[PDB]
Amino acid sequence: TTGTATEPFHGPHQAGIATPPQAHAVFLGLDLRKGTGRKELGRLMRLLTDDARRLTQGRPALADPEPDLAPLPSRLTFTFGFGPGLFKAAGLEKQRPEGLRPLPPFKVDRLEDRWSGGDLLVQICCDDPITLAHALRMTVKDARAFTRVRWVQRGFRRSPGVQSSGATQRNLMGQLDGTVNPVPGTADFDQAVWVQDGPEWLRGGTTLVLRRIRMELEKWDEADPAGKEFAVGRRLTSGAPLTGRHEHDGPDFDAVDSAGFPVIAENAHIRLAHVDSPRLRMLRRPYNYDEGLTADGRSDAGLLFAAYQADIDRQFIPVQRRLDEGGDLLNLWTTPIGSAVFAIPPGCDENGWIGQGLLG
């Protein structure tokens, strides 16, 4: 049984980033109350740090309302992120990374305030949804005095044990999603993900772009099946690029067909999204969402697109701009409806707290 497994909470980095993605996630987006300044932010982060320090190791939080739900931690992780408004309220505008600001507008955007923005992120991931529900309850108990809930975004992947560790999993459009990604334990991953420039407090942390993207599954089902593969540039069942045979073959963007036209379309998703230099890649760590049905049977489902990178301006915005300006074929069936950005501090040890180097 796997309920007893844990992920380390202490370290140079926060967990939940390089951690192989767990089956369940909640992204909790918080807005600061009017009186919540730097002093209050420190009191809040010390509370939340200790909650996570205990719950992730299967121990009840201080003042835990339901201690019996804290055993079976099931690889629970907490990742805390600071939005642009956090630096304003703390009086630390000098410490805000230049690129930490709301993303520029893109033509595909249909963004809603109720899924965008936020001053404080608590990302909670877990292989078990009861442990996750309890961890969310404790977080809100300790954050209530300082913050309002702006949004809560719940997502899922495969249950633990359904697929072998590391195997690519499918999204709700049926596509293998995650083939091209930096790999933890390599020098390229560290360069792509962990901050080493900019303000000193953020070194060893990262940045997160969180976009709620709706899937138009009505239109998608009507779509030509060959057209669906052409829009991505990979086959549905195998995940292979249209130029190859296996999932992990390298897409050949110079290949043309017997008529002279590119095998992978000039506006195929993976052509527009691709970056040559592995150290400029973003870490994609997405979750799926599925939420209820209209009377006439229309789904409300999509992707919680979570991208981690050392530099938003150098690693996320150029890709998103190419998808938009290049007219990504996948845009016919996907729609961004929420967008938020966060600076994720480095980790801490037993005698520290998350954000201490910024707020202390």
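Residue numbers here begin at 1 and follow the sequence given.
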- On average, are the C-alpha B-factors higher in 116-124 or in 255-263? 255-263
- Averaging the C-alpha B factors as listed in the entry, name the stretch that ends up higher: 25-33 or 290-298. 290-298
- Note on the structure: Looking only at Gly85, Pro129, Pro160, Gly205, the Cα with the top B-factor belongs to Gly85
- In the PDB entry, which of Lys228, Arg75, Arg285, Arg211 has its C-alpha at the highest B-factor? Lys228
- Query: Can you tell me which third, lowest, middle or highest, the CA B-factor of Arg38 falls into for its chain?
  - Reply: middle
- Chain third (lowest, middle, highest) by recorded CA B-factor, residue given as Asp311: middle
- Item | Lowest, middle or highest third - CA B-factor, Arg54 | lowest
- Query: Among the chain's modelled residues, which third holds the C-alpha B-factor of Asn181?
  - Reply: middle
- So, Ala63's CA B-factor, relative to its chain, sits in which third? The highest
